[PDB]
Each structure stands twice: as C-alpha cells, then as structure tokens.
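This report concerns only the one structure given below.
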Amino acid sequence: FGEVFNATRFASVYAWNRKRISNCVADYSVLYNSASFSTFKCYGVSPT
Amino acid sequence: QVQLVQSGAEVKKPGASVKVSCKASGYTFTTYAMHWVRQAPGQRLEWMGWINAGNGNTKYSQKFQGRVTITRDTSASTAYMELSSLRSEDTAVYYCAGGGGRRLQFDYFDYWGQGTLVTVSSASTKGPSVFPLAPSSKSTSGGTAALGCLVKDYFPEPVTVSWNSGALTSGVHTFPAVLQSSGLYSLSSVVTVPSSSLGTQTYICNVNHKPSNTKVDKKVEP
Amino acid sequence: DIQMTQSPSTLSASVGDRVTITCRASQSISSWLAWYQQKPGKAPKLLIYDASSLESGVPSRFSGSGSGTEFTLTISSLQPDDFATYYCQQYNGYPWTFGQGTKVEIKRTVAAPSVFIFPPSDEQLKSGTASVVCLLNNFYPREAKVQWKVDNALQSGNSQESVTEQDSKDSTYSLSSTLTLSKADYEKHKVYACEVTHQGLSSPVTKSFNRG
Amino acid sequence: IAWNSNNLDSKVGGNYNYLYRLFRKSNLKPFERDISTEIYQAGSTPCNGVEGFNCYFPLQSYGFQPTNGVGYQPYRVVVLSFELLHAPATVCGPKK
C-alpha cells in the first residue's frame, strides 16, 4: 500500500498502473489515521 | 426573542471589495439559517444568498455568480460576507435574515436585521453648498408665504436640517436627496409661515454635516 | 425564472375597511408564497407564509387565500397600523423574486394644491448655473402633472421632480419641480413659467415671471 | 405508504430543506429520533468542534432537482402502526 502512496515518478491519469495485489494481510488502521490525507472517501464499503 | 444586529453605514468605491457582518441572538443553533438579501434604494428587493449556519453550505444567486462570498464564525456565531468588484448600480441597503429556529431550514425571511447602508461612489467627502430661498410679496397666499434653505453638491448622506435650532416645528418640509449627473447629492428644505411677521422676525436654517463636520447657518433675506 | 407581477399597483382605503390584494404569477405555483408588510424607512414584516398560514404575533385581520396562480390577501378592518406597502414572494422554484409593491393611502377629500414659484437667487447667478423652483403644497391625490414653459415653449429632460410622501395627519401631498440650466440659457430666455394640471383644479393653472 | 412527489417537493434547480444523517457511532435502536448534531470521528486522532480530516458533519442534503432521474426523485412516505392490547381499542369503524 505504501508503494501506491509514495513514488518519485508517480503515474499519469492516462498511464495509471494496474496492480493485482492479492494473498496478503492488509491493515487499514494507520492508512485510515495517518492524519495526512486531505481526502479519504469511498462507497459500497463503510470506512470502518 | 431572536434578534439580529450588524455593522453600520459604509461608503466604498468602484473596483474595491466590501465586507458586511451580523451577529445573531439565537435561543437554539439548530442549523441556523443565515440568509442575506439586498434592496436597491426603493425598488425591487433582489436576493443575496444563504449560508448554512449549521456547518458550511454556501448556496448563492445566479446574478451574483462568481463575485459574492459568505461565511460565518461559530463561537462568535456571527455571519460575514464579501461582496466584490463593486460598481455604481451596487449602492443599496443590505439585510441579514433567516432564523428558522423551529424547523431546520426554510426559504422565508422571518428574522431581519434592521439594515446596512452601502454607497458606491467615486467622489469624496465634501461640505454642503447652502443658499437661502427668499419669497416675494407677489405670492402672499392667505397672508402666508413659503421660505427655504437649499443645500447643493454635498456628500455623503445625510444632512440634518433644522430651523432656528428646533424653534420652529410647524409646516416643516424636508425633501429627500437626489442624484445629480456630477455624482453629487442635493436637498431642498422648505417651510411656510404667516406673511404677517415676515419682515419682523428671524428665521435661520441650521444644516449639519458630520462626515465633513460642517455646521452652516444662513439668514434668509426676503 | 418565476415571473411575478401584482395588482393593483396602488390602492385606496379608509379606516375600518377591507382592501383586497392580488398577486399574479405567470406560471404555476403550489401554494408557495409569503406576504410581507413594508413601512417606509424600515426592515420588512412577514405575516402570511404558505399562501394560507397566519404566522404568530400578528393581528387576526390578516388572511391569505388562493392557490394555483391567483393569490389574494385579505384584512377585515383597517387600522392605521396597516398603512404601508405589501409584497408577495414565491418559493416554488429558483432564484426567488418579489412583487412590484402595493400601498394603501388615506382617502377623504381631493385637496387642491397651492402653487408657488421661486426664481434663482443672485448667489446662484454668480455660481454659474441657474435653478428655478415650482412648488405645489397640500394636493390630493399624489398624482399630478407639471410642465415648464420658457419663452412660450415647452422644456424637457432638464427638469427634476421630487415629491414628499404623504403626511401622517396632514394626509396630503407636496411636490417640487426644479428646472436647472446654464447661464448662457438664463439671459437668452427672458420669461419663465411652470404649469400644473391636477384633478382637483377646474382648469390647468399656469404661474410665471420674468427677469426680476 | 410511499408515493412519488417531486411536483410538490423538488424546487427547480434543487431543494435543500431535507437533510439526513450519515455518520453516527451506533446503529439506531428501533423507534427513536436523534435530532442533535455534533461532529464525528474517524479511527484515532479525534475531533472536537473542529472540521476536516477524521472530521465530518452528520447532516447531508438532498439535491432534489426535477431534472433528476426517477431513481433520485423525492418520495413522501407515511407509515402506520397497529397493535392489540387488553385496552379498549378506540380507533376502528363499525362499533355497534
């Protein structure tokens, strides 16, 4: 998740990198409360 | 009772920016309904917009798209607004209102501020021109004749005018100001008295202009 | 946008009477309206909302009616407390407009005006512009027709008209017509007059003078 | 009971008289109103009278514009509740 958040050469809007990330142990605590994201929002699934 | 109070009279210049503001007195703050409106001098009221005193919502008018902004301060629980790129047509009286109070939101104006005066002009403060208005014995109407004290080319409103510093109260007439092409204000005050004591008494107008601090008195010579 | 016109523009009444007001909408409204009262030199009152409802704190005379398009305001008896304009407001849809304005006055007798003229003072004559005053006092109703006749010719554009607004007990009207001009005009016209036609007068009445 | 009603409720260009909650700490027990508005929190780093990150206002708004599709029209809904107690039933129709 950190590589899709921090990259010197971040992608372009017509050159977005598709990732098939799978079989892992996500942890959304710090991702949720990094206290630095100007816009966190989503649909379908509640944030908590 | 809920009350709304705001700032005072306020004189700006084309191209500048202007900020009017009102404090609220609300028993509740239940998504209070700050909602501004405008009034060009004695013509249609035309509508300003509404801020959401609940959280932040800022719905505005189409004719004032893109140049008017509003917010509010919470612990002061006042509401403020800009008003930008001002122009001559822009001169008016400015009203806070809203205060639904019972329900969450309305679209009617049930708690008004008692008004703000904004004058968009290009001139500056100037002392009032004063002349007398002497009658003639030609027009002795029922032994009564009119007599006045003209003020011309002054700025800004208002000019308080009395006669002999409150000594005369009968038949007093003070007409409202009028625009001239020069961008200047002018007033005519008149009063009629019995012609019997015309040449035997004394009548002096007392004109008062605080923005220029001028106090002018002129005996009329019949 | 939502169109709003109101009739009649001005009306007449006397204390202890009923006065009808009609607010006209071009396009369909679902009981989306409020009625406001407006005293001169004031912040507005609301007393009807929703085209029917009577909001608290008001005398019980006031009563809205109508739905659809024609909207009507009603008061049974006429207090002095009723002497002001009255505005109708739609809130069916966006940007919310207002009406034109509908005032009552105080009707009694058609008082005839007293006509007066004031020539320019000297000091005005060595200012550089000339002002001539024609005055009408205590005429009824506001409605009046004033003209300028200089050197037996009509004048237009250069005259301004300022009318006082009806007295509380005098219950009449006063008017001032000002003719302004430049000094080059003043001495090459040599006689001046203001004429007024009024309903109360039997004939149109002219008043006039010359250079001093 | 529910019926379609935008011809009354959707002030053209949008209605803003209608708000509903979106963020609350608890699921709502049956048959309670919760009028009071405060600010919500998100995980840790909590809020207090302040807005922004981890901070939200609970009452959203419906943009009820007539240009919307059927799926987003306003619906006026009224619901009724009946029950059988030992008490005299007092609201019916026959009773003779």
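Residues are referred to by chain and number: the chain letter is A, B, ... according to the order shown in the structure tokens, the number counts from 1 in that chain, and ligands are numbered separately from 1 in the order shown.
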Task: Selection near residue B:68, 12 Å with only C-alpha atoms, sequence-local residues under 5 positions removed, as a PyMOL selection string - done: chain B and resi 17-20+36+47-51+58-63+80-86
TODO: Dump as a PyMOL selection string the residues of chain C that approach chain B to within 10 Å, counting only C-alpha atoms.
DONE: chain C and resi 32-34+36+40-47+49-50+55+87+89-92+94-101+114-124+133+135+137+160-165+170+174-176
Open item on the list: I want to know what sits within 10 Å of residue D:78, based on only C-alpha atoms, with residues of the same chain fewer than 3 positions away left out; could you give that as JSON, numbers by chain?
Closed with: {"D": [1, 2, 3, 75]}
Any chance you could export the current selection's N, CA and C atoms as a PDB file, in the first residue's frame?
```pdb
ATOM      1  N   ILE D   1     -46.631   3.342   3.403  1.00  0.00           N
ATOM      2  CA  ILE D   1     -47.132   4.058   2.243  1.00  0.00           C
ATOM      3  C   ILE D   1     -46.017   4.954   1.728  1.00  0.00           C
ATOM      4  N   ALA D   2     -45.778   4.902   0.425  1.00  0.00           N
ATOM      5  CA  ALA D   2     -44.822   5.788  -0.213  1.00  0.00           C
ATOM      6  C   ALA D   2     -45.399   6.202  -1.552  1.00  0.00           C
ATOM      7  N   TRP D   3     -45.281   7.482  -1.883  1.00  0.00           N
ATOM      8  CA  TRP D   3     -45.621   7.845  -3.247  1.00  0.00           C
ATOM      9  C   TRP D   3     -44.668   8.907  -3.768  1.00  0.00           C
ATOM     10  N   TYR D  75     -39.639  11.067  -2.391  1.00  0.00           N
ATOM     11  CA  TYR D  75     -40.779  10.231  -2.061  1.00  0.00           C
ATOM     12  C   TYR D  75     -41.347  10.657  -0.725  1.00  0.00           C
TER      13      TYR D  75
END
```
Open item on the list: Please find the residues of chain D near chain A - the criterion being any atom within 9 Å, counting only C-alpha atoms - and write them as a list in words.
Closed with: residues 42, 43, 44, 45, 52, 53 and 54 of chain D
Could the residues in this selection be written to a file with N, CA and C atoms, as an mmCIF file, in the first residue's frame?
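What ended up in selection-v3.cif:
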```cif
data_model
loop_
_atom_site.group_PDB
_atom_site.id
_atom_site.type_symbol
_atom_site.label_atom_id
_atom_site.label_comp_id
_atom_site.auth_asym_id
_atom_site.auth_seq_id
_atom_site.Cartn_x
_atom_site.Cartn_y
_atom_site.Cartn_z
ATOM 1 N N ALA D 42 -13.058 9.578 13.205
ATOM 2 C CA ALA D 42 -12.591 8.555 12.286
ATOM 3 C C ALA D 42 -11.369 7.899 12.901
ATOM 4 N N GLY D 43 -11.530 6.659 13.360
ATOM 5 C CA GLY D 43 -10.422 5.954 13.982
ATOM 6 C C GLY D 43 -9.875 6.739 15.156
ATOM 7 N N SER D 44 -8.573 6.993 15.123
ATOM 8 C CA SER D 44 -7.913 7.812 16.120
ATOM 9 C C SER D 44 -7.679 9.213 15.559
ATOM 10 N N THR D 45 -6.955 10.038 16.320
ATOM 11 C CA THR D 45 -6.784 11.462 16.054
ATOM 12 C C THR D 45 -8.165 12.103 15.976
ATOM 13 N N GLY D 52 -12.642 18.745 9.185
ATOM 14 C CA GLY D 52 -11.601 18.362 8.251
ATOM 15 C C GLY D 52 -11.253 16.886 8.274
ATOM 16 N N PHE D 53 -9.963 16.579 8.388
ATOM 17 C CA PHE D 53 -9.528 15.189 8.452
ATOM 18 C C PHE D 53 -10.146 14.508 9.663
ATOM 19 N N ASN D 54 -10.619 13.278 9.462
ATOM 20 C CA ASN D 54 -11.255 12.487 10.510
ATOM 21 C C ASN D 54 -12.519 13.164 11.035
#
```
Open item on the list: What's around residue D:34 at 12 Å? Count only C-alpha atoms, leave out sequence neighbours fewer than 4 positions away in its own chain, and write the answer as a list in words.
Closed with: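 Result of the neighbour search: residues 20, 21, 24, 26, 27, 28, 29, 30, 38, 58 and 59 of chain D.
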TODO: Would you work out the distance separating atom CA of residue C:76 from atom CA of residue C:64, expressed in Å to one decimal?
DONE: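 Those two atoms sit 11.6 Å apart.
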Open item on the list: Rounded to one decimal, what separation in Å do you get between atom CA of residue C:151 and atom CA of residue C:202?
Closed with: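 Atom-to-atom, atom CA of residue C:151 and atom CA of residue C:202 are spaced 25.1 Å apart.
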Open item on the list: Between atom CA of residue B:54 and atom CA of residue B:74, what is the distance in Å, rounded to a tenth?
Closed with: 9.2 Å
Open item on the list: Residues of chain D within 12 Å of chain C, counting only C-alpha atoms - could you list those as a VMD selection string?
Closed with: chain D and resid 6 to 16 64 to 66
For N, CA, C and O atoms, I'd like the residues from the last selection saved as a compact mmCIF listing (two decimals), in the first residue's frame.
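Output contents, as saved in out.txt:
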```txt
# COMPACT_ATOMS: atom_id res chain seq x y z
N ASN D 6 -42.29 14.83 -6.69
CA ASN D 6 -41.39 15.93 -6.97
C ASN D 6 -42.12 17.18 -7.40
O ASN D 6 -41.60 18.28 -7.21
N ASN D 7 -43.32 17.03 -7.95
CA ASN D 7 -44.12 18.16 -8.38
C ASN D 7 -44.47 19.08 -7.22
O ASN D 7 -44.85 20.23 -7.44
N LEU D 8 -44.35 18.59 -5.99
CA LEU D 8 -44.51 19.41 -4.81
C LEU D 8 -43.20 19.74 -4.11
O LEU D 8 -43.06 20.84 -3.58
N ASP D 9 -42.22 18.83 -4.11
CA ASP D 9 -41.09 18.96 -3.19
C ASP D 9 -39.78 19.38 -3.84
O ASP D 9 -38.89 19.84 -3.12
N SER D 10 -39.63 19.24 -5.15
CA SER D 10 -38.35 19.50 -5.79
C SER D 10 -38.38 20.90 -6.38
O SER D 10 -38.72 21.11 -7.54
N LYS D 11 -38.03 21.88 -5.54
CA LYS D 11 -37.85 23.25 -6.03
C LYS D 11 -36.84 23.25 -7.16
O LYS D 11 -35.73 22.72 -7.01
N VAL D 12 -37.21 23.84 -8.29
CA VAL D 12 -36.44 23.68 -9.52
C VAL D 12 -35.02 24.19 -9.32
O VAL D 12 -34.79 25.26 -8.74
N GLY D 13 -34.05 23.41 -9.79
CA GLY D 13 -32.65 23.66 -9.53
C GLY D 13 -32.15 23.05 -8.24
O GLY D 13 -30.93 22.98 -8.03
N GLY D 14 -33.06 22.63 -7.35
CA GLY D 14 -32.71 21.90 -6.14
C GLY D 14 -33.41 22.26 -4.85
O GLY D 14 -33.46 23.44 -4.48
N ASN D 15 -33.92 21.28 -4.11
CA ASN D 15 -34.40 21.53 -2.76
C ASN D 15 -33.28 21.29 -1.76
O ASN D 15 -32.49 20.36 -1.91
N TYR D 16 -33.19 22.16 -0.74
CA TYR D 16 -32.20 21.98 0.33
C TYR D 16 -32.84 21.97 1.71
O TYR D 16 -32.15 22.18 2.72
N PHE D 64 -32.84 17.94 -4.33
CA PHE D 64 -33.99 17.46 -5.07
C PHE D 64 -34.27 18.39 -6.24
O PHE D 64 -35.02 19.36 -6.10
N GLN D 65 -33.66 18.11 -7.41
CA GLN D 65 -33.88 18.84 -8.65
C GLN D 65 -34.80 18.04 -9.57
O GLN D 65 -34.60 16.83 -9.73
N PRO D 66 -35.79 18.68 -10.19
CA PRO D 66 -36.68 17.93 -11.09
C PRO D 66 -35.96 17.32 -12.28
O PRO D 66 -36.45 16.33 -12.83
```
Sort by chain and increasing residue number a table of all residues of chain D within 9 Å of chain B, each with its closest pair of atoms and their distance in Å to one decimal, counting only C-alpha atoms, and write it as CSV.
```
residue,atom,partner,partner_atom,distance
D:16,CA,B:105,CA,7.8
D:17,CA,B:105,CA,5.3
D:18,CA,B:105,CA,8.1
D:19,CA,B:104,CA,8.6
D:36,CA,B:30,CA,8.1
D:37,CA,B:30,CA,8.0
D:57,CA,B:55,CA,6.7
D:59,CA,B:55,CA,8.8
```
Open item on the list: Quick check for you: according to DSSP on this backbone, which residues of chain A are classed as alpha helix (DSSP H)? Reply as a ChimeraX atom specification.
Closed with: /A:28-32
